[PDB]
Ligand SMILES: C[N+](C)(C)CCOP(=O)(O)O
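Taking the form deposited without this ligand, here's one chain by itself in structure tokens.
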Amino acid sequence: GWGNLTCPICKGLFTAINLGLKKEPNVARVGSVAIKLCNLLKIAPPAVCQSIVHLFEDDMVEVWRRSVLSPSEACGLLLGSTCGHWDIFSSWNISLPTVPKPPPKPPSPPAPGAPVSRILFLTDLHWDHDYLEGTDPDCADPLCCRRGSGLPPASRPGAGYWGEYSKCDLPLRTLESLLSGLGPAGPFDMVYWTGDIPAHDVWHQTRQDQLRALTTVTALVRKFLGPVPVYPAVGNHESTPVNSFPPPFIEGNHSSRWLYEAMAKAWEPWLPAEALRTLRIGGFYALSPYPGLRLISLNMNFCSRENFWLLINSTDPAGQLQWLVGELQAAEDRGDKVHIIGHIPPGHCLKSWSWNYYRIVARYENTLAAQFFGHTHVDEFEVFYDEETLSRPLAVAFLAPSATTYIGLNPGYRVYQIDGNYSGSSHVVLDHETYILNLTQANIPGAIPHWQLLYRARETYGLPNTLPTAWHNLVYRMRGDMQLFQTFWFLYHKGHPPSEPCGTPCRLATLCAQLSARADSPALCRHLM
């Protein structure tokens, strides 16, 4: 009978497809057809389509050939079981160590006169380098206010001197202003630097340009902050194409070796030997700023939904989660405490990665003191609960607003007051402050650039402390009180909220976001009606 032939004909078919598109000419064909389709969907002008697709085609086809179309996979998709196996984005688990979990003990308020560690948090600087004042703020292009955007017609003004309120990342001068005005204050013990150094022009980006951004902005930070250590993390716009972060099992040229070795060449002064070693492989590391404290810098792109290399293998990329566990357990032993920093927050991640992270923080509550994440470009947080009943806040991650202005925001940075350096310190965020540059004032001719204080957390929300329970109570408190949420919304946008009023469903969506540290998991929002 013929029924037996379907499977072999399928496997052979995708073998011929596989080896067939491994040749460049067909890759060119896919590129051009994709260009015509891009032109059909419009958004954006044709040259952008051309450049972007020419940039993506190679690695895109590479991964699809090695993942989606690899027979099989594909035959396991169309037939399944008997023929092939489709594992794409399959579930996986990281297997915590067998050490029994110590009983949860919440941290105690710091003793009077105890030391305090001030930490500067910079994220999403997004340096354009093509920013040109006077250009068109609203143009047809993924990014405007830069060389090649043209001029605004008639009554619409050009881009501001310090940056603009539409699209338009920052010119280097505004980063210089940010770093010069750091005095008051200040002084900082350390700086957490999340990533996203390059601008949002993703179609024509080049490795040389990305390296330019990384090295020059690193040099700027280093110039202004001097001896204070800066601990960076890898953002989602560092590599090119944007979001392309092949795990360590991909080897050059097309691997990430270039970016990871450009880093750790630039960050050599800040990071110790081991940190650099692990950074050269996967782009993540661990170190000890204080005795009794451990900082973990995670590469969240192996977390990312938009990182297509995960189609190939999405299972604990670079084995980093496991590594993290080894560290966190290493921290439980020794009686130390851990700070985690990263670009993309957990709960923006795929499915399994997020759940494994949640499982880890829940297991490691007493050890993990704080967590910091960027990427959102807006000011918000995320609350973690116990994995069983999800009724008890065990930790919170702080999502800091972007230094960049991207999509209509005032620039800003954050500063954390944290339990300081000494034995027994909890190393937990005591408070935080948010500075912004009001562009309406700063762009006036003759104005004096000023980085104002905006708000202080505890002062604004009346929190007895910054521990998770307080943020939980703040969320449910805002569900009820609309004025309070209006405050949180004003600060959410760094003082430049949009024109749309953000009515009731908007509020509900936002608060639900504040409560979801685990991707999917709709139940986390159950108590919000």
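Note that residue numbering follows the sequence shown and begins at 1.
Unshown form solved in complex with this ligand; subsequent notes refer to it.
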The one option of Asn443, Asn366, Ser426, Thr376 with any heavy atom within 4.5 Å of this ligand in the deposited bound form is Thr376
If we test each of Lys337, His200, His432, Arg146 for a heavy atom within 4.5 Å of this ligand in the deposited bound form, the one that passes is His200
Answer among 179-187, 218-226, 376-384, 266-274 for heavy atoms within 4.5 Å of this ligand in the deposited bound form: the stretch 376-384
Is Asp128 near this ligand? Define near as a heavy atom within 4.5 Å, in the deposited bound form.
no
Interface membership of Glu164, this ligand in the deposited bound form, 4.5 Å heavy atom rule: no
Margin query: Is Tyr406 part of the interface with this ligand in the deposited bound form - any heavy atom within 4.5 Å?
Written below: yes
Q) Is there a non-hydrogen atom of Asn236 within 4.5 angstroms of a non-hydrogen atom of this ligand in the deposited bound form? A) yes
Applying a 4.5 angstroms cut-off on non-hydrogen atoms, the residues of 337-356 near this ligand in the deposited bound form are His343
